[PDB]
Every structure is written in structure tokens, then in C-alpha cells.
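Novice: Residue numbers (full-length UniProt numbering): 88 to 225, 235 to 397, 408 to 581, 605 to 753, 761 to 838, 849 to 1022.
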């Protein structure tokens, strides 16, 4: 029965705050010192009642319903058993709010917003006020003994909550005791020893005063020992077991508090005996713990030397291999200071500095993890660089000046560029082979992230790059060969680009550094090299007008552009595919347009105009063959098409006729007499562009436009005359490669022009009984018999080119050329499959507007099942 009733009360009991809990959990402006004076005074009056209130406060903070009674705490030999019973009661409670930590992590949502701050303040000062009331020293005071007797068993029990709050109470005690021991030393005993040593002479030692000094010096040291005694204990009872608690949060509190003991009291704590704890938890399975140790190490940076000798390896491994990027990044940050300190071997340095190179696109403006990780690697790189500089210049005196800049600058640039290249070489070993293109793009990117550290070298890199003399002197990577120049300009371009996309930077800064040298750079770099052309034009294209006027260099833009146009003029351009030059020039032309200055536009408008004039010359003089097409395309047609993307190109009746009659319509005869490599570069892309510009006129209205219609009608007739020649039984070159290539490239431009025309025609209102009538007048039917026949032959060539790669057996119409069974062609950029799909897509596009002979082109489906999944997809 007695037991029944106890079980009964246990069951119907609900959560009731104790008095001390209430004041601590709800007071928003509390004098915690007055509070402690009251409680600690009560200890001396009624020990049991204080102890009870203390533990019940702990129980309230964990949201426990259970409570001790004054008799429960009467005996200190009961403590383990009683905590045992509390543990039983608290395990039985199904639901429990951890108020202390809800206050901490969720003040806004918490029933007791101030509870956490008050609780840590209270337990942190507890032991100070104890001292004020002479409860601490008295041999250890029984206050302390009492407190440890109950905190110890609670700190190792099976309830995480009780374990956390006891451990935190113990640690808060130690925050103070550790401060207090040194306090006693440096501020009391030291002050009294001095005055024990100065009141010794002159042969007049006060003797009664030399007795009062040894007296309090002896008291104070006795109490320094009682204090260290409790410090030893809390380590022995708590930290040494709690640092590896199964709960990660008690482990991180252990690291946070040990760091404080270390700052408070290094003579006790700055020793490998305690630092190992950080190093061990470096291998903790929890991301949170590894993060927490890693944030503590910088603060902590001979005990420390021994520490990094023992743990740097693990720190390196984290920065390289850790499953968590935020952690990896933290590691790199620690490695900054280890390097700064000389604790890193050279191979260990490279393994980190080469991390600045990464295959993935990482944006320099982002606040993401990836971006912040590269940024902390750039920080490491910056520090290695500075160390090497000091090491290099340590004995040396350099000249006031090397290679047109301060000696010290030239060295810094040479050391930087050298580490950049050593680092790259490492990166490149750590991964599968990549081509020069990807190589440059990855370097370009690293340079972006280095802008915050090497940005002040931008001006001197420009000047070093325009130096005419030899790169030596009585003593480093310098722009001495062609690979080193490319490294320099890519790195200049990446630095500069990174500087204009860096967030939070004031306007015009990168421009203040490069625009003064930009004319000289274009005037002097080896821009015949497309890699060098790409980097310098890329620098040019970084800047908006506001950049040029601000810097005072708006005046230079035209002379620079003139150089750009002369380099444009001196080159030979290919049809655009994978041509680094075509791409650089194209972007430059766009950029200039985008600046919006008529004076500049005119430089390009006049260039188009000269090109036209000279083409007409070439046309009437030279076409009255491999050389002819080489020149035609290399010096005239590919360049008008490039410029044509940005500025209007129009052939006037005269030139257009010259071009259509002497070239375009004679393409079949011209082609039979060229070499393969020359046939490969034959196309009519310019004809599609001329058209597009006219279509632009027509849409920039919607009253028809005459000669503008005569122009495109005439361009299309030209396509017809080719298709007639090409599809006729008189074509003795039918069936050959060269014949396929011409049919194919001619078809691609034709399809683009016709689709463009039909989409326009359908976008004119019935309202427009003059436009609609004139379009059908000139173009309908859009695709003629011979055009249908050529597109089908082109399709069939591509289909067998892809089929044959796997020796697939195609079905065929009865008079379908069976020689298609043997065709082979290695000449396509990204493979036969790609060209089959694209052509078939262009054919689908026509079919959807229904411009194709549906009966004829049913044929594209005959082998859908033989051609793989993609083709089959495009057919659906």
C-alpha cells in the first residue's frame, strides 16, 4: 500500500517550477550577484535545503517533473542512489521539454526566454560570490564538496539532459576557477612577494610587518592550492569522460570550454597533455565537432609546435578528403596559419595550393560553400607567396628597378607566377589528361579567386608584359617563352575579370589599373597567337563606357580599336567552329557595339564597306581554285559573317549579282576542282545572314519593300540553281564525298533561310493583302522538286555514315544507291550521329510547317529502329 501510494503520487505529479527556477527562468533584468548572495548565505543556514533547491533547479531546467525533498539530499553517501532514483523517474516521463536549451537555441519560441543567459551567468559567478562569502577555501569548503558530490553522478547518468546540464555547470565553475588561480598569482602573491622582498632592507625590516606579509602570502597560496585542487577534480571527474560523450553537443561544449581554460590559464592548459583533446576530436565522426575544433585552433595558435607536428597530417587530410565542404574550408583556414608559422613541408604546401584549380564552374560573386572554399585556398596561396618572397629577398638587395617596375614587384610577380605554374602542374597530375583549352579555363578561374590577394600586381604585370629587354639581371617565372606569356595573360585576364565581378568592390578599380596599359599591351603582346589574342581582347571586353570615362581613357578607345581592326584585318578566319580567334573577335565586335559610340561603330561600318569593295574586286578579277576559295573564305566571307552578327551587312544589287552569278551559282563546278580540305570549308552561311538583315527590315515595319524583296528572292533562286545542277542526272560527281559535302552545307543554309521566310509569311495579317501576296509571289512553292531530292540525298548520306559505324544493315527503297553501304567519313567535328540528328531535326522543322514532300520524306522513318535511341526520339 505504501509503495502503491508513492507510485500514485509519482503518476499524478505534474511540472511545478521551484522558486529559484522561477526567478532565474523569468527575470529579464536580474542582479545575479544579489541572487547568489541570498542563496549562498542560505547554504550556511540550512545546507540540506540549499542543496535541495540547487538540484531541483537542475531538474526544472531539463523539464523533469520529479523533485528531491530536503531529507533526500541529507546524506552525501546517498547521492549516487538518489540520482539513480531520479534517473528512473525521468526515464519514465514520456515527454520533456529541455527548457534550458530551448531558451538557448530558440529564445523567441521559448517559455523561459531569459533562462539560459541567467543560468550561465549564475553558475559562472556562483563560485566567485562563494569566495566573497569565504565558502570556497575555509582545505576545500564543504560547499564545493557538496556541489561536486551531486554534480558528478548527474554528469555520468543515462539521461542526456541531466548529463548536459551538470557538465555545463561544472565547466562554468571551471571557467571561473581557472581565471581565479592566475588572478591570485599575478594580482596578489606577486604583489605581496615584491613587497616581502622590498621590506627586508635597509637593516630596518619592520619584523611585525614581515610577519603580516608571510601571513597573507601563506594564506593566499594555500587557497591557490585549494582552487587548483577543484580544477584537477573537474578535469578528473568530468572533462576527461565528457569530452567523448555519445552526445555531440556535450563534446562541442567540452572543446569550447577547454579552449577557455587554455586562454585563462596556459601554464596549466597549454600543454600537449590537453591539446591532444583538440587533435583527437579532429577525427570525430560529427561534422559539428570537427567544425568546432577547427574554429578553435587559430585562436590557440612550443606546446603548439608539438601539437601541429602531431596533428597537421590529419588537418591536411581533412582539407583534402573531408565529406563536408564547410569543414574542408575550415581546415584550409587553419592551414593558413600553420604555413605562416613554418610548420609545412613543401609537398604538403603544393597539395593545398593546387586546390585553387578546379574543373567545375565556381562563381566568384557567390556566397556559396564552393566559392568560399576556393577563396580560403586563395588565402593559403597568398600566404605561401609572401613567405617565398621573404625567403628570396632575405639576403639579396634588388635594384630599384627590374623590367620597368620596382625590383620588389618583379620578384613578387615572378614568385607568384612560378607557384601558379608549380601548383598547376600538381593539379594536372592529380587528374585525367585535359587539353590546353580546359587547362587555360581552369587557370583563368583560379586567377579570378586570387584577385583579392594579387590585385595590386595587375598594373605591374601589364608593365612587365610590355618590357622589351631580356628577363635577367643578377637574379621566378617571367614571360620568357611562349608558354609563360600565355600563363601571364590568362592570369592577368582572370585577375581582372575576378576584380570586376567581386562583390562589394568600389567601381572603376580594375580599370584604373589596366586601361593605362591597354594600348601598349595590344601594341606589344604576340597577338598572332590566338591564346594571347583571346586573353587581351577579353581584358578589353571587361569594361563598360563608364569605366573608360571615369579613368580618363575614353580618348584611347579609338586608337585601341584601330589596332584591333588591323589585327582583325591581318588574320585569316575559319568558318567559326572551334576557332578561338573567330570567337574572340566576335565577342569584341559585340562589345564595341554595346558601348554605343557612333564614332566606333563607324570604324566597323567602314571596315565592312572596304571588305565589300575588295570582295567585288576579287570576284570580277579572280572568277572571270583551292587558292581562290581559300582567299574567298579566309579573307572575305568568314569575316563579313562574323561582323554580320552585330552590324548590318547588305550587298548592293551590283555586288550581290557579281557574287550570286560568278560564285554561288557556280559552286558545283568550282567544287569538283578543289581539294577535300578546301571543300570542307565551303558554305553559304553569309547568304543566310544577308537574308536575316532584310527580314529585319520587313519586320521593322509591320506597304511592301521592293529591292529588299528582289534581294532575297534572288538569293533563293540561287539555291534553286545549285539544287538543279546537283540533283540532275548530268551530275557526274554524284555519289562522292565532295558532292555530299556541297549538298550538305548548301542544304543547311537553305533550310535556315526558308524556315525563316515561312515563319515570317505566317506572321503577316490578312490585313496585309500586299505583303502576303508578294511573298507567295516570290517564294511559293518554298521547296522545289530538286530541293526535295537534294535534302533526301543529304539525309541518306548521313544515315549511312552513322549506320556504317556499327555495320548496321539498313533497308532501302529499290533505286536507293546501294553504294551507301560502304561510305566512311572521319571529318565531322563531334561525330556522324550528331550531324544525322541535326539534319533530321532541320527536316522535322520543315515538315511541321509542312513544306516537304511528305511522301518522299517518309523514308526518314524506314530505319528508325536501326539507328539508336536518340534518332528514334527525334522521329517520335
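Cβ coordinates follow ideal geometry from the N, Cα and C atoms, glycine included.
Is residue 507 helix, strand or coil by DSSP?
Specialist: Along the chain shown, read from residue 1 onward, the residue named residue 507 stands at position 401. Strand.
Novice: Can you check whether the CB of residue 901 is closer than 9 Å to the CB of residue 821?
Specialist: Within the chain shown, numbered from 1, the residue matching residue 821 stands at position 685. Within the chain shown, numbered from 1, the residue matching residue 901 stands at position 755. Their beta carbons are not under 9 Å apart, which means residue 821 does not touch residue 901 by this criterion.
Novice: Taking the Cβ atom as the reference point for each residue, do residue 941 and residue 897 lie within a distance shorter than 9 Å?
Specialist: Within the chain shown, residue 941 is the residue found at index 795, counting from 1. Within the chain shown, residue 897 is the residue found at index 751, counting from 1. No, Cβ-Cβ distance for residue 941 and residue 897 is not below 9 Å.
Novice: Hey, quick one: how far does the alpha helix (DSSP H) through residue 959 stretch, first residue to last?
Specialist: Taking the chain shown and counting its residues from 1, one reaches residue 959 at position 813. From DSSP, residue 959 is part of no alpha helix (DSSP H); its letter is neither H nor E.
Novice: Give the secondary structure of residue 760 by DSSP, where H, G and I count as helix, E and B as strand, and everything else as coil.
Specialist: The residue list of the chain ends a segment at 753 and starts the next at 761, so residue 760 has no coordinates to report.
Novice: Going by alpha carbons, who is nearest to residue 451 out of 433, 415, 427?
Specialist: Taking the first residue of the chain shown as position 1, residue 451 is located at position 345. Taking only the C-alpha atoms, the option nearest residue 451 is 415.
Novice: Using the rule of at least 16 other Cβ atoms within 10 Å of the residue's Cβ for burial, across every protein chain shown, is residue 878 buried or exposed?
Specialist: Translated into positions along the chain shown, residue 878 becomes position 732. It counts as exposed.
Novice: Which runs of the alpha helix (DSSP H), 4 residues or longer, sit entirely within the segment 435-460?
Specialist: 452-459
Novice: Rounded to whole angstroms, what's the CA-CA distance from residue 754 to residue 908? Just pull it up for me.
Specialist: For residue 754, nothing is modelled; it lies in the interval where the chain passes from 753 to 761 with no residues in between.
Novice: Using three-state DSSP, classify residue 485 as helix, strand or coil.
Specialist: Mapped onto the chain shown, residue 485 falls at position 379. Helix.
Novice: Name the two residues that bound the continuous alpha helix (DSSP H) containing residue 353.
Specialist: As a working note, residue 353 is residue 257 in the chain shown. First-last of the alpha helix (DSSP H) with residue 353: 344-360.
Novice: In or out: residue 182 buried (at least 16 other Cβ within 10 Å) or exposed?
Specialist: The residue you call residue 182 lines up with position 95 of the chain shown. By the neighbour-count rule (16 or more Cβ atoms within 10 Å), residue 182 is not buried but exposed.
Novice: At a cut of 8 Å, does the segment 442-458 reach the segment 471-491 through at least three beta carbon pairs?
Specialist: yes
Novice: Near residue 577, which residues of its chain fall below 8 Å by C-beta distance, leaving aside the five closest residues on each side in sequence?
Specialist: Here residue 577 refers to the residue found at position 471 of the chain shown. Closer than 8 Å at the Cβ level, and outside the excluded window around residue 577, lie 509, 607, 608, 609.
Novice: Helix, strand or coil: how does DSSP classify residue 404 here?
Specialist: A gap in the chain, from 397 straight to 408, means residue 404 has no coordinates in the model shown.
Novice: Per DSSP, what kind of secondary structure is residue 836 in: helix, strand or coil?
Specialist: The residue you call residue 836 lines up with position 700 of the chain shown. Judged by DSSP in its simplified three-state form, residue 836 adopts coil rather than helix or strand.
Novice: Comparing alpha-carbon positions, which option in 1014, 857, 937, 956 lies nearest residue 1000?
Specialist: To locate residue 1000, count along the chain shown from 1; it is residue 854. Nearest option by C-alpha distance: 937.
Novice: Can you check whether the CB of residue 825 is closer than 9 Å to the CB of residue 798?
Specialist: Here residue 798 is taken as the residue at index 662 of the chain shown, counted from 1. Here residue 825 is taken as the residue at index 689 of the chain shown, counted from 1. Taking 9 Å as the Cβ cut-off, residue 798 and residue 825 do not qualify as a contacting pair.
Novice: May I ask you to report which of helix, strand or coil DSSP gives residue 808?
Specialist: Here residue 808 refers to the residue found at position 672 when the chain shown is read from its first residue. If DSSP states are grouped into helix, strand and coil, residue 808 belongs with the helices.
Novice: Taking 8 Å as the line, does the beta carbon of residue 115 fall inside it for any heavy atom of the ligand NAD?
Specialist: Among the ligands in the structure shown, none appear at all, so the ligand NAD cannot be discussed.
Novice: Using the beta-carbon count (16 or more within 10 Å), is residue 161 buried or exposed?
Specialist: The residue given as residue 161 occupies position 74 in the chain shown. So residue 161 ends up on the exposed side.
Novice: Buried or exposed for residue 95, going by 16 or more other Cβ atoms inside 10 Å?
Specialist: In the chain shown, residue 95 corresponds to position 8, counting from 1. Exposed: under 16 other Cβ atoms inside 10 Å.
Novice: Report the rounded CA-to-CA distance for residue 336 versus residue 356, giving the unit in angstroms.
Specialist: Reading the chain shown from its first residue, position 240 is the one you call residue 336. Reading the chain shown from its first residue, position 260 is the one you call residue 356. Looking at the two C-alpha atoms, the distance is approximately 16 Å.
Novice: Pull up the CB-CB distance for residue 525 and residue 490, whole angstroms please, since I reckon it's below 8 Å.
Specialist: Taking the chain shown and counting its residues from 1, the one referred to as residue 525 is at position 419. Taking the chain shown and counting its residues from 1, the one referred to as residue 490 is at position 384. That belief holds up - the Cβ atoms of residue 525 and residue 490 are roughly 6 Å apart, short of 8 Å.
Novice: Would you kindly report the start and end of the unbroken alpha helix (DSSP H) that includes residue 972?
Specialist: In the chain shown, the residue the question calls residue 972 occupies position 826. Note, residue 972: premise wrong, no alpha helix (DSSP H); not H, not E.
Novice: According to DSSP, is residue 928 part of a helix, a strand, or is it coil?
Specialist: In the chain shown, residue 928 corresponds to position 782, counting from 1. DSSP places residue 928 in coil when its eight states are reduced to three.
Novice: Compare the C-alpha of residue 517 against each of 533, 469, 531, 496 and name the closest.
Specialist: By 1-based counting over the chain shown, the position of residue 517 is 411. Closest option to residue 517, Cα to Cα, is 496.
Novice: Would the beta-carbon of residue 129 fall within 9 Å of that of residue 140?
Specialist: As a first step, residue 129 must be located in the chain shown, where it is residue number 42. As a first step, residue 140 must be located in the chain shown, where it is residue number 53. Yes, the Cβ-Cβ distance between residue 129 and residue 140 is below 9 Å.
Novice: For the segment 765-796, list the beta strand (DSSP E) runs that are entirely contained and at least 3 residues long, ordered along the chain.
Specialist: none
Novice: Are the segment 346-362 and the segment 304-321 touching, with three or more C-beta to C-beta distances below 8 Å?
Specialist: no
Novice: To the nearest angstrom, how far is it from the Cα of residue 224 to the Cα of residue 367?
Specialist: Residue mapping note: residue 224 aligns to position 137 of the chain shown, counting from 1. Residue mapping note: residue 367 aligns to position 271 of the chain shown, counting from 1. Each residue's Cα considered, the two are about 27 Å apart.
Novice: Beta carbon of residue 204, beta carbon of residue 173: below 9 Å?
Specialist: The residue labelled residue 204 in the question sits at position 117 within the chain shown. The residue labelled residue 173 in the question sits at position 86 within the chain shown. Not in contact: residue 204 and residue 173 (Cβ atoms no closer than 9 Å).
Novice: For residue 186 versus residue 198, is the C-beta spacing smaller than 9 Å?
Specialist: To locate residue 186, count along the chain shown from 1; it is residue 99. To locate residue 198, count along the chain shown from 1; it is residue 111. Yes, Cβ-Cβ distance for residue 186 and residue 198 is below 9 Å.
Novice: Tell me which residue opens and which closes the alpha helix (DSSP H) that residue 858 is part of.
Specialist: Counting from one through the chain shown, the residue named residue 858 turns up at place 712. Looking at the DSSP string, the run of the alpha helix (DSSP H) that includes residue 858 is 852-873.
Novice: Smallest Cα separation from residue 466: which of 122, 860, 549, 876?
Specialist: Against the chain shown, residue 466 aligns to sequence position 360. Considering only alpha carbons, the answer is 549.
Novice: Tell me the DSSP secondary structure of residue 130 in three-state form.
Specialist: Residue numbering aside, residue 130 sits at position 43 when the chain shown is read from its first letter. Residue state, collapsed to three classes: helix.
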